[PDB]
Structures are given as C-alpha cells and as structure tokens.
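Colleague: The structure file query-v1.pdb (PDB, C-alpha atoms and all ligand atoms) is provided below.
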```
ATOM      1  CA  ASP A   1      35.795 -26.941  51.745
ATOM      2  CA  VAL A   2      37.997 -23.882  51.229
ATOM      3  CA  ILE A   3      41.518 -22.893  52.270
ATOM      4  CA  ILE A   4      42.682 -19.377  53.128
ATOM      5  CA  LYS A   5      45.457 -18.266  50.776
ATOM      6  CA  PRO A   6      47.308 -14.939  50.383
ATOM      7  CA  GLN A   7      47.743 -12.916  47.193
ATOM      8  CA  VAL A   8      51.545 -12.854  47.100
ATOM      9  CA  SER A   9      54.708 -14.473  48.457
ATOM     10  CA  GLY A  10      56.670 -13.012  51.353
ATOM     11  CA  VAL A  11      56.820 -13.412  55.126
ATOM     12  CA  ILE A  12      54.145 -13.577  57.823
ATOM     13  CA  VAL A  13      53.752 -10.331  59.766
ATOM     14  CA  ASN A  14      50.877 -11.109  62.131
ATOM     15  CA  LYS A  15      47.684 -13.111  62.651
ATOM     16  CA  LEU A  16      44.365 -11.578  63.702
ATOM     17  CA  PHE A  17      42.449 -14.846  64.040
ATOM     18  CA  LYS A  18      41.721 -17.662  66.493
ATOM     19  CA  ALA A  19      41.801 -21.462  66.365
ATOM     20  CA  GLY A  20      38.249 -22.779  66.217
ATOM     21  CA  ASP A  21      36.594 -19.389  65.802
ATOM     22  CA  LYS A  22      34.382 -17.971  63.052
ATOM     23  CA  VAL A  23      35.341 -15.675  60.175
ATOM     24  CA  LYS A  24      33.732 -12.901  58.130
ATOM     25  CA  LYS A  25      33.672 -11.992  54.437
ATOM     26  CA  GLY A  26      36.654  -9.656  54.303
ATOM     27  CA  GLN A  27      37.777 -10.149  57.896
ATOM     28  CA  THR A  28      41.522  -9.914  58.512
ATOM     29  CA  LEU A  29      43.114 -13.133  59.767
ATOM     30  CA  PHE A  30      46.722 -13.147  58.561
ATOM     31  CA  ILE A  31      49.354 -10.766  57.196
ATOM     32  CA  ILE A  32      52.310 -11.068  54.823
ATOM     33  CA  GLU A  33      54.932  -8.510  53.802
ATOM     34  CA  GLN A  34      56.299  -8.462  50.253
ATOM     35  CA  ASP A  35      58.041  -6.180  47.757
ATOM     36  CA  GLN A  36      54.884  -5.770  45.674
ATOM     37  CA  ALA A  37      51.649  -4.254  46.976
ATOM     38  CA  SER A  38      50.042  -4.107  43.532
ATOM     39  CA  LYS A  39      49.929  -1.022  41.309
ATOM     40  CA  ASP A  40      46.291  -0.267  42.125
ATOM     41  CA  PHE A  41      45.538  -1.872  45.491
ATOM     42  CA  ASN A  42      47.750  -0.670  48.344
ATOM     43  CA  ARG A  43      47.112   2.892  49.517
ATOM     44  CA  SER A  44      50.497   3.202  51.225
ATOM     45  CA  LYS A  45      50.974   4.634  54.717
ATOM     46  CA  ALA A  46      50.437   8.222  53.576
ATOM     47  CA  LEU A  47      50.455  10.454  50.496
ATOM     48  CA  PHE A  48      52.059  13.706  49.347
ATOM     49  CA  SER A  49      49.234  16.250  49.482
ATOM     50  CA  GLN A  50      52.001  18.858  49.511
ATOM     51  CA  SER A  51      55.429  19.768  50.887
ATOM     52  CA  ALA A  52      54.734  17.908  54.131
ATOM     53  CA  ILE A  53      57.312  15.148  53.681
ATOM     54  CA  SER A  54      59.579  16.828  51.131
ATOM     55  CA  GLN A  55      59.589  13.972  48.619
ATOM     56  CA  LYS A  56      62.477  15.849  47.007
ATOM     57  CA  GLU A  57      64.722  13.996  49.456
ATOM     58  CA  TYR A  58      62.277  12.323  51.842
ATOM     59  CA  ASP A  59      62.972   8.890  53.325
ATOM     60  CA  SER A  60      62.381   5.680  51.371
ATOM     61  CA  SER A  61      61.820   3.479  54.422
ATOM     62  CA  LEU A  62      58.430   5.179  54.720
ATOM     63  CA  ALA A  63      57.577   3.985  51.211
ATOM     64  CA  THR A  64      58.325   0.264  50.971
ATOM     65  CA  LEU A  65      58.179  -3.120  52.700
ATOM     66  CA  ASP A  66      54.402  -2.778  52.411
ATOM     67  CA  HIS A  67      52.163  -5.411  54.003
ATOM     68  CA  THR A  68      49.316  -7.496  52.585
ATOM     69  CA  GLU A  69      46.526  -8.415  55.001
ATOM     70  CA  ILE A  70      44.908 -11.786  54.305
ATOM     71  CA  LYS A  71      41.150 -11.483  54.807
ATOM     72  CA  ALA A  72      38.890 -14.543  54.854
ATOM     73  CA  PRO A  73      37.055 -15.386  51.603
ATOM     74  CA  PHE A  74      33.673 -15.615  53.330
ATOM     75  CA  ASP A  75      32.098 -15.857  56.784
ATOM     76  CA  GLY A  76      32.280 -19.285  58.393
ATOM     77  CA  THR A  77      34.681 -21.257  60.575
ATOM     78  CA  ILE A  78      38.476 -21.153  60.768
ATOM     79  CA  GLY A  79      40.844 -23.884  61.913
ATOM     80  CA  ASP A  80      44.264 -23.656  63.542
ATOM     81  CA  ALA A  81      47.521 -22.160  62.267
ATOM     82  CA  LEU A  82      50.031 -24.337  60.417
ATOM     83  CA  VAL A  83      52.880 -21.817  60.365
ATOM     84  CA  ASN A  84      53.941 -18.990  62.678
ATOM     85  CA  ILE A  85      54.817 -15.296  62.469
ATOM     86  CA  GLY A  86      58.163 -14.246  61.031
ATOM     87  CA  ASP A  87      58.150 -17.273  58.739
ATOM     88  CA  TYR A  88      58.606 -16.894  54.982
ATOM     89  CA  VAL A  89      55.677 -18.180  52.923
ATOM     90  CA  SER A  90      54.939 -18.686  49.227
ATOM     91  CA  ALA A  91      52.021 -17.375  47.170
ATOM     92  CA  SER A  92      48.476 -18.710  47.519
ATOM     93  CA  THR A  93      50.169 -22.114  47.612
ATOM     94  CA  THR A  94      50.714 -21.463  51.319
ATOM     95  CA  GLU A  95      47.794 -23.197  53.031
ATOM     96  CA  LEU A  96      48.603 -21.970  56.539
ATOM     97  CA  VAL A  97      44.954 -21.965  57.614
ATOM     98  CA  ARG A  98      41.750 -23.309  56.072
ATOM     99  CA  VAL A  99      38.075 -22.350  56.291
ATOM    100  CA  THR A 100      35.208 -24.789  56.834
ATOM    101  CA  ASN A 101      31.408 -24.623  56.810
ATOM    102  CA  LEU A 102      29.312 -22.345  54.599
ATOM    103  CA  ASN A 103      29.342 -22.427  50.796
ATOM    104  CA  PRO A 104      32.304 -21.407  48.598
ATOM    105  CA  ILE A 105      31.664 -17.712  47.969
ATOM    106  CA  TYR A 106      33.607 -15.620  45.457
ATOM    107  CA  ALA A 107      33.284 -12.061  44.159
ATOM    108  CA  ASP A 108      36.471 -10.007  43.850
ATOM    109  CA  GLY A 109      37.934  -7.636  41.278
ATOM    110  CA  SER A 110      41.587  -6.776  41.847
ATOM    111  CA  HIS A 111      43.510  -8.282  38.930
ATOM    112  CA  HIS A 112      44.532 -11.477  37.134
ATOM    113  CA  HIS A 113      41.226 -12.103  35.359
ATOM    114  CA  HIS A 114      40.486 -13.964  32.124
ATOM    115  CA  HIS A 115      36.705 -13.552  32.015
ATOM    116  CA  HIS A 116      35.941 -11.016  29.282
TER     117      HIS A 116
HETATM  118  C1  LIG B 201      51.795   1.559  47.805
HETATM  119  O1  LIG B 201      52.782   1.925  48.841
HETATM  120  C2  LIG B 201      53.953   2.692  48.352
HETATM  121  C3  LIG B 201      54.824   2.955  49.578
HETATM  122  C4  LIG B 201      53.463   3.974  47.646
HETATM  123  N1  LIG B 201      54.608   4.707  47.088
HETATM  124  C5  LIG B 201      55.426   5.532  47.819
HETATM  125  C6  LIG B 201      56.641   6.095  47.055
HETATM  126  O2  LIG B 201      55.246   5.801  48.994
HETATM  127  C7  LIG B 201      52.443   3.640  46.542
HETATM  128  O3  LIG B 201      51.943   4.903  45.968
HETATM  129  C8  LIG B 201      52.538   5.289  44.662
HETATM  130  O4  LIG B 201      51.905   4.581  43.524
HETATM  131  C9  LIG B 201      50.446   4.825  43.353
HETATM  132  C10 LIG B 201      49.887   3.921  42.244
HETATM  133  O5  LIG B 201      50.719   2.772  42.060
HETATM  134  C11 LIG B 201      50.097   6.297  43.276
HETATM  135  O6  LIG B 201      50.594   6.821  41.991
HETATM  136  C12 LIG B 201      49.565   6.987  40.930
HETATM  137  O7  LIG B 201      48.892   8.305  40.999
HETATM  138  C13 LIG B 201      49.784   9.487  40.837
HETATM  139  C14 LIG B 201      48.995  10.781  41.080
HETATM  140  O8  LIG B 201      48.680  10.928  42.468
HETATM  141  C15 LIG B 201      50.624   9.426  39.578
HETATM  142  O9  LIG B 201      49.734   9.620  38.420
HETATM  143  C16 LIG B 201      49.858  10.933  37.735
HETATM  144  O10 LIG B 201      50.898  10.922  36.679
HETATM  145  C17 LIG B 201      50.676   9.947  35.574
HETATM  146  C18 LIG B 201      51.892   9.927  34.636
HETATM  147  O11 LIG B 201      53.006   9.287  35.265
HETATM  148  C19 LIG B 201      49.315  10.088  34.927
HETATM  149  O12 LIG B 201      49.298  11.348  34.159
HETATM  150  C20 LIG B 201      49.638  11.221  32.719
HETATM  151  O13 LIG B 201      48.449  10.936  31.881
HETATM  152  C21 LIG B 201      47.379  11.971  31.919
HETATM  153  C22 LIG B 201      46.149  11.486  31.138
HETATM  154  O14 LIG B 201      46.533  10.577  30.101
HETATM  155  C23 LIG B 201      47.888  13.360  31.597
HETATM  156  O15 LIG B 201      48.232  13.405  30.165
HETATM  157  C24 LIG B 201      47.277  14.147  29.302
HETATM  158  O16 LIG B 201      47.558  15.603  29.273
HETATM  159  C25 LIG B 201      48.899  15.983  28.750
HETATM  160  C26 LIG B 201      49.120  17.493  28.915
HETATM  161  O17 LIG B 201      49.676  18.057  27.722
HETATM  162  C27 LIG B 201      49.191  15.395  27.386
HETATM  163  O18 LIG B 201      48.334  16.074  26.397
HETATM  164  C28 LIG B 201      48.833  13.845  27.378
HETATM  165  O19 LIG B 201      49.036  13.263  26.086
HETATM  166  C29 LIG B 201      47.386  13.626  27.861
HETATM  167  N2  LIG B 201      46.949  12.227  27.771
HETATM  168  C30 LIG B 201      46.538  11.643  26.598
HETATM  169  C31 LIG B 201      46.219  10.138  26.681
HETATM  170  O20 LIG B 201      46.443  12.242  25.539
HETATM  171  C32 LIG B 201      49.205  13.661  32.438
HETATM  172  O21 LIG B 201      49.755  14.943  32.116
HETATM  173  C33 LIG B 201      50.245  12.543  32.224
HETATM  174  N3  LIG B 201      51.530  12.813  32.881
HETATM  175  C34 LIG B 201      52.718  12.909  32.198
HETATM  176  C35 LIG B 201      53.958  13.217  33.058
HETATM  177  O22 LIG B 201      52.814  12.785  30.988
HETATM  178  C36 LIG B 201      48.189  10.171  36.047
HETATM  179  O23 LIG B 201      46.890  10.368  35.477
HETATM  180  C37 LIG B 201      46.264   9.201  34.840
HETATM  181  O24 LIG B 201      46.911   8.915  33.544
HETATM  182  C38 LIG B 201      46.328   7.775  32.809
HETATM  183  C39 LIG B 201      47.254   7.472  31.623
HETATM  184  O25 LIG B 201      48.472   8.213  31.791
HETATM  185  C40 LIG B 201      44.891   8.178  32.430
HETATM  186  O26 LIG B 201      44.276   7.068  31.754
HETATM  187  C41 LIG B 201      44.060   8.501  33.686
HETATM  188  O27 LIG B 201      42.821   9.099  33.262
HETATM  189  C42 LIG B 201      44.764   9.496  34.630
HETATM  190  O28 LIG B 201      44.122   9.426  35.915
HETATM  191  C43 LIG B 201      48.522  11.280  37.062
HETATM  192  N4  LIG B 201      47.466  11.489  38.062
HETATM  193  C44 LIG B 201      47.421  12.586  38.889
HETATM  194  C45 LIG B 201      46.220  12.641  39.853
HETATM  195  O29 LIG B 201      48.247  13.482  38.871
HETATM  196  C46 LIG B 201      51.303   7.992  39.452
HETATM  197  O30 LIG B 201      52.057   7.870  38.241
HETATM  198  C47 LIG B 201      50.239   6.883  39.553
HETATM  199  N5  LIG B 201      50.780   5.535  39.331
HETATM  200  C48 LIG B 201      50.737   4.901  38.112
HETATM  201  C49 LIG B 201      51.316   3.474  38.086
HETATM  202  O31 LIG B 201      50.297   5.414  37.097
HETATM  203  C50 LIG B 201      50.822   7.085  44.451
HETATM  204  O32 LIG B 201      50.569   8.492  44.377
HETATM  205  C51 LIG B 201      52.335   6.795  44.439
HETATM  206  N6  LIG B 201      53.085   7.580  45.429
HETATM  207  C52 LIG B 201      54.274   8.209  45.143
HETATM  208  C53 LIG B 201      54.898   9.006  46.304
HETATM  209  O33 LIG B 201      54.811   8.177  44.049
HETATM  210  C54 LIG B 201      51.263   2.846  47.147
HETATM  211  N7  LIG B 201      50.258   2.500  46.131
HETATM  212  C55 LIG B 201      50.515   1.793  44.980
HETATM  213  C56 LIG B 201      49.273   1.388  44.148
HETATM  214  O34 LIG B 201      51.631   1.467  44.619
END
```
What do you get writing this file as structure tokens?

Modeller:
Amino acid sequence: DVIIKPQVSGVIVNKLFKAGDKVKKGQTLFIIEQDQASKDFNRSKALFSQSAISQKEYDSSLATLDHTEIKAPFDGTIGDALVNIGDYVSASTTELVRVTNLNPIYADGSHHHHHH
C-alpha cells in the first residue's frame, strides 16, 4: 500500500528495476536529474583535493546537472512503469511506479522535518 516517489522534480534518467520483481530497502529503481541535489546530500562526481582540476578556471559541466537516484522505501514487490526514460516528471507527486506487499516502513533523515 505504498507508492515509489522521488525527492525532487526533473526528468527521468534511467530505471534499474523490473516489472513484477522484488525490491530492497534502499535499492535503486529509478533516476531523475534536476538542478538541485540538496546542500548536504549529493557528493558530486569528484572533489578538489588539490590542483588536480584547476577550479580556478575548471569546467562547469563537470559540476552540475546532478542526478537523483530513486531507491525503494522498503523491501517488497514492485509493479510496472507508468512513464518512460527521458520524460519530465514532477516531485513526489509523480507516481511512476508503486510498491506492494510488506508493511509501510519509514526511517530517513535528509531534510524537511517538523518533528522536534
Ligand atoms: C553536489 O554536486 C556539485 C556538482 C558539487 N559542486 C561542484 C562545484 O562540483 C557539490 O559540492 C559543493 O557543495 C558541497 C556542500 O553543498 C561542498 O561544500 C561544503 O564544504 C566545503 C569544504 O570542503 C565548503 O565549506 C568550507 O567553507 C565554509 C565557509 O563558506 C565553512 O567555513 C566557515 O566557517 C568555519 C566555522 O564556523 C570557519 O570560521 C571560523 O574561523 C574563522 C577564522 O578566523 C573565524 O574566526 C570564524 O568566525 C569562525 N567561526 C565562528 C562561528 O566563529 C571558516 O573559516 C569559515 N570560512 C569563511 C570563508 O569565513 C566550512 O566549515 C563549516 O562552517 C560551519 C559554519 O560556517 C561550521 O558550523 C562547521 O563546523 C564547519 O564545518 C568550510 N569547511 C572546510 C572543510 O573547509 C563549502 O562552503 C561547503 N558548503 C556549504 C553550503 O557550506 C563541496 O566541497 C562543494 N564543491 C565545490 C567545488 O565548491 C555537491 N554537493 C553538494 C552538497 O552540493
């Protein structure tokens, strides 16, 4: 009784899942690219340990258009795909795929919390 939803709004990049297969708590299934990979989540392709990329005038293409992998909420069963790759999608509202079986598990800690 749960539906797989992303964390942002952008465009599908890929799908590492199957129709009628099982899922895992934190298992990648979908992917969406957006102009916002959080300020404390994405680790970016690489870093600047030193003068290896010359950030002084390095390229910007290597630091943008990040991607957000959509991992299942909890192990169980996954249905089919509603949309396809290369198709723009909205925030969590996008119910491309849904998960069935198992109980509704939840235990994250990224951001957007009002429990203090
Ligand atoms: C997603 O993909 C992208 C493609 C990728 N980007 C690119 C371009 O490819 C993204 O990576 C980028 O973004 C991430 C995070 O979003 C990473 O950047 C973070 O980490 C960096 C270090 O590696 C930087 O942080 C450093 O600089 C800041 C200031 O801007 C902080 O330092 C300040 O504060 C300190 C403590 O308060 C010091 O100040 C104290 O000492 C002085 C000395 O006199 C004074 O007395 C002060 O008054 C003191 N403080 C107090 C309170 O009294 C420090 O000197 C000061 N700097 C300045 C200039 O003033 C930071 O340290 C943290 O600071 C906070 C509060 O400031 C403190 O609470 C923490 O304890 C402390 O850790 C510095 N850290 C280091 C290790 O040097 C970035 O600014 C930081 N981001 C943010 C939002 O803060 C990544 O490296 C980025 N890459 C590039 C190329 O830019 C990628 N990921 C994400 C998440 O987007």

Colleague: So the first atom is atom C21 of ligand LIG 201 (chain B) and the second is CA of residue 68 in chain A; what is the distance between them in Å, to one decimal place?

Modeller: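 The value is 28.5 Å.
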
Colleague: Given the choices A:75, A:87, A:69, A:57, which gets closest to residue 25 in chain A if the distance is worked out from only C-alpha atoms?

Modeller: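 With only C-alpha atoms as the atom set, the closest residue is A:75.
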
Colleague: Just so the selection is clear, what residues does the PyMOL selection byres (((chain A and resi 94) around 12) and not hetatm) cover here, as a list in words?

Modeller: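 Residues picked by the PyMOL selection byres (((chain A and resi 94) around 12) and not hetatm): residues 3, 4, 5, 6, 7, 8, 9, 10, 11, 12, 30, 32, 70, 81, 82, 83, 87, 88, 89, 90, 91, 92, 93, 95, 96, 97 and 98 of chain A.
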
Colleague: For a test of reading the model, state the distance in Å between atom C46 of ligand LIG 201 (chain B) and CA of residue 36 in chain A, rounded to one decimal.

Modeller: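 Answer for the atom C46 of ligand LIG 201 (chain B) to CA of residue 36 in chain A separation: 15.5 Å.
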
Colleague: Once 3 Å is added on each side, what centre and edge lengths in Å to one decimal does the axis-aligned box around all listed atoms of ligand LIG 201 (chain B) have, as JSON?

Modeller:
```
{"center_x": 49.7, "center_y": 9.7, "center_z": 37.6, "size_x": 19.8, "size_y": 22.7, "size_z": 30.0}
```

Colleague: Rank nothing, just name the residue among A:52, A:102, A:72, A:46 nearest to ligand LIG 201 (chain B), using all atoms listed in the file.

Modeller: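 Of the candidates, the smallest distance to ligand LIG 201 (chain B) is held by A:46.
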
Colleague: Please find the residues contacting ligand LIG 201 (chain B) at a distance of at most 12 Å between atoms, with all atoms listed in the file counted, and report them as a PyMOL selection string.

Modeller: chain A and resi 33-68+110

Colleague: What is the CA of residue 113 in chain A to CA of residue 28 in chain A distance in Å?

Modeller: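 It comes out at 23.3 Å.
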
Colleague: Find, counting all atoms listed in the file, the residue in A:29, A:19, A:114, A:105 that gets nearest to residue 80 in chain A.

Modeller: A:19

Colleague: Which residues would end up in the selection if the PyMOL selection byres (((chain A and resi 18) around 10) and not hetatm) were applied here, given that I need the answer as a ChimeraX atom specification?

Modeller: /A:15-17,19-23,29,77-81
